[PDB]
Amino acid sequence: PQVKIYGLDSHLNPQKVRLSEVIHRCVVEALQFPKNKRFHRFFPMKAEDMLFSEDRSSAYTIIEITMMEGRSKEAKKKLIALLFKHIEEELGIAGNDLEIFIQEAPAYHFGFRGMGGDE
């Protein structure tokens, strides 16, 4: 699981370290993924650059998760639900201000540790 997090710089920079902890804790609980392998990329953006609907507040945050094919529908749905529940409880970002997107690809589309993902 590679995670990219996008948000307005003034709201996201003060929450970065905590948001990262909460995200990884959810990933580990929902997907049983090693505690060690936190791979997060944060993109604090200016207001001119990150545009969203009038409906949302300045706390509007996008979380993009990429991972190898093969986890169950149940496990992904649980990841989403955990992230909404703990990010609101722990960081105060309401459900309306939070967007989550999971992307998959076959194992041989990945490379790491010197070899293909299908090995």
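Numbers follow the displayed sequence, beginning with 1.
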For the C-alpha atoms alone, is the average B factor greater in 40 to 48 or in 85 to 93, going by the entry?
85 to 93
Of 71 to 79 vs 50 to 58, the stretch with the larger average CA B-factor in the entry is 50 to 58
Going by the entry, which of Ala107, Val17, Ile23, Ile100 has the most elevated CA B factor?
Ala107
CA B-factor ranking of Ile63, expressed as a third of its chain:
lowest
Would you please rank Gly114 by its C-alpha temperature factor against the other modelled residues of its chain and give the third it falls in: lowest, middle or highest?
highest
